[PDB]
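# Chains, contacts and geometry: an overview
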Amino acid sequence: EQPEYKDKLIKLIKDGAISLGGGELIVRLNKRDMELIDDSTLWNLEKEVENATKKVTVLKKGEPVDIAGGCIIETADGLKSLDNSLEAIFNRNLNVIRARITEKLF
């Protein structure tokens, strides 16, 4: 299989849910290799979406990305960029500042 974190992708879209507070956010997934994959179980994706929030989320366009799908709203009042590159190039930005916070304002 090798697709062990292919359920992490769903654990990432669900993470973006509450972090968006989205009713209908047309989730633009991580290319076709995800646009055919993550949107194979559709009513299983929109489960906890209408739960904690208000309404259910339906994925749409399949724009080529990295590893994780950025869930941007149709009524573009907001745009959560939960990509892999915005989590792995952002996780360093967390540490580089935190290493800078090992002396700052002393």
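Regarding how it was determined, this PDB entry cites X-ray crystallography in its header, along with a resolution of 4.100 Å.

Let's shift gears to the overall build of the protein. When helices and strands are counted, the protein shows 5 helices and 0 strands. Mapped from its N terminus to its C terminus, the protein presents α and β elements in the order α-α-α-α-α. Dimensions along the principal axes, computed over C-alpha positions, put the protein at roughly 55 × 35 × 20 Å. Restricting to contacts in the protein with at least 6 residues of sequence separation, those with at least 24 account for 68%.

Another aspect to go through is helix α1 (residues 8-20). Since there are 3.6 residues in each turn of an α-helix, residues three or four apart along the chain are aligned in direction. Over its 13 residues, α1 runs 18 Å from end to end, which matches the ideal 18 Å to within 8%, given 1.5 Å per residue. Count one or two residues on from α1 and you reach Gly21, which has phi positive near 70°.

If you check the backbone angles, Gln2 has positive phi at about 75° while not being a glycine. In this structure, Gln2 sits in the segment before α1. The backbone of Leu105 sits at a positive phi, close to 55°, despite the residue not being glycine. Topologically, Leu105 is positioned in the segment after α5 (90-100).

Once that is clear, we can look at the environment of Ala68. Topologically, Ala68 is positioned in the loop between α3 (49-52) and α4 (85-88). Between the C-alpha atoms of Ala68 and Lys8, which are 60 residues apart in sequence, the distance is 8.9 Å. For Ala68, the contacting residues outside a window of four places in its chain are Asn30, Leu82, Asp83 and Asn84.

Structurally, the position occupied by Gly22 is in the loop between α1 and α2 (32-35). Put simply, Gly22 and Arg32 are 10 residues apart on the chain and 23 Å apart in space, counted from C-alpha to C-alpha. Excluding anything up to four places from it in sequence, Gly22 contacts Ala17, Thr53 and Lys55.

All right, on to the environment of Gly69 then. One can find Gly69 in the loop between α3 and α4. Taking the C-alpha atoms as reference, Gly69 lies 8.4 Å from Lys31; in sequence the two are 38 residues apart. In contact with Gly69, not counting residues within four places along its chain, are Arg28, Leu29, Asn30 and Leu82.

Scoring rules and cut-offs
- Residues numbered from 1 in each chain as written, not as in the entry; some residues may be left out.
- Heavy atoms only, no water.
- Residues with missing side-chain atoms left out of burial classes, pairs and counts.
- Helix = DSSP H or I, 4+ residues; strand = E, 2+ residues; numbered from the N terminus.
- Contact = heavy atoms within 4.5 Å.
- Expected span 1.5 Å × (residues − 1).

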